[PDB]
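K.L.:
Once you've seen the sequence and the experimental structure below, I've got questions.
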Amino acid sequence: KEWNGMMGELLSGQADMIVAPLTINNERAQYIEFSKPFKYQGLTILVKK
Amino acid sequence: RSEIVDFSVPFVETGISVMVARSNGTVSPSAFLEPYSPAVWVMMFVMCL
């Protein structure tokens, strides 16, 4: 019932496209459809110099 | 290939990358002979005088 954030907006019907830095994972892929990635990335740690 | 067939989520990344041999043994720069800060050298000169 609770899809918080921009994902809920697309699913509910407010917006039919979610152009944004949206990561591709299993949970979202089950409900919405993901296009081919436009940028390959991965989690990393940022620390102060 | 994606126009006549239907691919899936890319499970491995690829691309036109560049391979360059690493420069073994980085040489100390010209200004590597000064471990002392510039204020260090000036203070030493003033003390000598």
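P.N.:
All right, it came through fine. Numbers count the residues shown, from 1 in each chain, chains lettered A, B, ... in the order given.

K.L.:
Nearest the middle, which residue of chain A would you pick?
P.N.:
Nearest residue to the geometric centre of chain A (Cα atoms, centre = their mean): residue A:22, 3.0 Å.

K.L.:
pretty sure that residue is touching residue A:28, no?
P.N.:
Yes. The pair residue A:22 / residue A:28 is scored as a contact, 7.4 Å apart, by Cβ atoms under 8 Å. To be clear about C-beta, it is placed using only N, CA and C from the backbone, and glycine gets the same treatment.

K.L.:
Need the overlap of contacts for those two.
P.N.:
residue A:34 (Cβ atoms under 8 Å, 6 or more residues apart in numbering or on different chains).

K.L.:
What is the burial count for the residue of chain B found nearest chain A?
P.N.:
Minimum separation of chain B from chain A (Cβ to the nearest Cβ) falls at residue B:13, amounting to 5.3 Å. For residue B:13, the neighbour count with other Cβ atoms under 10 Å in any protein chain shown is 9.

K.L.:
Look at residue 30 and say how many residues are nearby.
P.N.:
In the absence of a named chain, this looks at chain A. Residues within reach of residue A:30, counting by other Cβ under 10 Å, total 7.

K.L.:
wait, chain B
P.N.:
Using other Cβ under 10 Å: residue B:30 sits among 7 other residues.
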